[PDB]
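Chains as they are written, first to last, in the numbering used here: chain X, 1 to 214; chain S, 1 to 216.
So the structure is just underneath, and the comments pick up after that.
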């Protein structure tokens, strides 16, 4: 077996920037090192075959060098479509092995999330369940925070979250959060608050609603 | 446009087996070898084995050995991979590829199939609509709760609305998944006009349409 190693597993870079992902091998590979690209949604397409250098009909800003153990793929001009995960893979000995990967991100202006909270639907209440959805969308950087305060109190229980991969048309991220409870406890309070804390506002962007108001 | 139509069965109880299917049309099926790769959500892209359609051939990974077996079929042009003694770790996304003779690269990848080993009863995604509650751009939503196994297909306006849309990965809470999607539009559009998120779920062959209507 041959252990393929990719140094940085994640990489952030600004548009236009050149970028060089390096993949190392357990020993000489006689130059049998390929390069692939897996954008989100699992779609993968090769990039270079034989020890880099060689393409397949893909963009010309992709290239790669490499000798025996140290090869490396290079992106010359970064386009807002190059955001994906890049792997390497030697097809010399057996079994065929891949590197760990390298998620490439495109640094872009710090923005704030657009929040939106939503009350249980008429439909789910009929079923004895109360779920409160809050959306924190199109923000950057990806590190943001979310807290629920029911009638001025704590979350921690009944909240499930879900972050998205960076968008490919505006290098932004978005988060969804869901406070769930039994319709029964939903009716025991009046104020429900989605408190989001990012680093673009020295004060948490807040959305919330009450129950008799509706 | 040479490619490989993939997607075998996605759900079988632990302790049984399946046969992910891989159709490769767009070149001469028996000329080049085929590859089967594995990608568990822990982002590891493991190389399973490889078969040459014309012969019998094969080179398995001394790991998935006994765990996988590559089936021919020169006739229809479809490669197969049966996985047995299935457990929670075989649950992952499997890829089939074509290797290009001369150099050992995988030039054309299929869209991979997602396998789910589990003894959980399939269940219809309950769909509730997310409509703004506090009386330019407004965001609305669809909450798809309690559904197994994956996946579902969420769209807005039979495909007509695709920008300002956001569908978040699901979350297993307790045997059931629950996912939601959001879609933003200019204020004028709604509720001045209709906005409906159609969610699909083959597992239960359920296909629902829920339109967002003012004041919850």
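Just so it is clear, CB atoms sit at the ideal spot from N, CA and C, and this is done for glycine as well.
Nearest neighbour of residue 13 (chain X), chosen from X:186, X:42, X:87, X:141 [CA to CA]: X:141
Through-space distance from residue 99 (chain X) to residue 111 (chain S), alpha-carbon basis: 20 Å
Distance CB(residue 99 (chain S))-CB(residue 4 (chain S)) smaller than 8 Å: no
Chain-ordered neighbours of residue 39 (chain X) on chain S, where CB pairs are closer than 9 Å: Chain S residues near residue 39 (chain X): none, gap ~12 Å exceeds 9 Å.
Cβ-based burial, residue 137 (chain S) [other Cβ within 10 Å; buried from 16]: exposed
Interface residues of chain S facing residue 97 (chain X) [CB-CB closer than 8 Å]: 47
Alpha-carbon to alpha-carbon, residue 6 (chain X) and residue 136 (chain X): 33 Å
DSSP state of residue 105 (chain S) mapped onto helix, strand, coil: coil
Every unbroken alpha helix (DSSP H) within the stretch 14-40 of chain X, with a cutoff of 4 residues, ordered by chain: none
Environment of residue 149 (chain S) [buried if 16+ CB atoms lie within 10 Å]: buried
Among S:164, S:127, S:116, S:104, nearest to residue 198 (chain S) - alpha-carbon criterion: S:127
CB contact flag (residue 15 (chain X), residue 94 (chain X), <8 Å): no
Residue interval of the beta strand (DSSP E) (run including residue 173 (chain X)): 173-182
Amino acids of chain S, ordered along the chain, whose beta-carbon sits closer than 9 Å to that of residue 179 (chain X): Those do not exist, as residue 179 (chain X) stays about 12 Å from chain S at its closest Cβ, beyond 9 Å.
At least 3 beta-carbon pairs within less than 8 Å: the stretch 125-139 of chain X vs the stretch 40-53 of chain X: no
Cβ contact (3+ pairs, closer than 8 Å) linking the stretch 155-165 of chain S and the stretch 141-156 of chain X: no
Residue 157 (chain X) vs residue 177 (chain X) beta-carbon contact at 8 Å: no
Three-state secondary structure (DSSP) of residue 182 (chain S): strand
Simplified DSSP state of residue 186 (chain X), which is helix, strand or coil: helix
Distance CB(residue 10 (chain X))-CB(residue 103 (chain X)) smaller than 8 Å: yes
Within-8 Å CB hit, residue 94 (chain S) to chain X: no
Option nearest residue 181 (chain X) by Cα separation, candidates X:90, X:200, X:131, X:202: X:131
Three-way DSSP call (helix, strand, coil) for residue 105 (chain X) in this model: strand
Exposed unless 16 or more other CB atoms sit within 10 angstroms - verdict on residue 102 (chain S): exposed
is_contact[residue 207 (chain S), chain X] using C-beta, thresh 8 Å: no
C-beta atoms of residue 114 (chain S) and residue 144 (chain S) nearer than 8 Å: no
Cβ-based neighbour list, residue 187 (chain S), same chain, cut-off 7 Å, excluding 5 preceding and 5 following: 136, 137, 138
Minimum length 3: unbroken beta strand (DSSP E) runs contained in the stretch 124-151 of chain S: 126-130, 137-147
Where the alpha helix (DSSP H) through residue 79 (chain X) begins and ends: Neither: residue 79 (chain X) is in no alpha helix (DSSP H) and is coded neither H nor E.
heavy atom of the ligand NAP below 7 Å from residue 84 (chain S) C-beta: In terms of ligand content, the structure shown is empty, and the ligand NAP therefore cannot be addressed.
Unbroken alpha helix (DSSP H) run spanning residue 88 (chain S), endpoints: Residue 88 (chain S) -> no alpha helix (DSSP H), and no H or E assigned at all.
Contact set between residue 123 (chain X) and chain S, taken where Cβ atoms lie within less than 9 Å: 126, 127, 128, 129, 210
CB contact below 8 Å: residue 109 (chain S) versus chain X: yes
Chain-order list of residues whose beta-carbon lies under 7 Å from that of residue 159 (chain X) (same chain, five-residue window excluded): 148, 177, 178, 179
Extent of the continuous alpha helix (DSSP H) run through residue 125 (chain X): 122-125
Residue 41 (chain S), buried or exposed, once every other Cβ within 10 Å from all chains shown has been counted against 16: exposed
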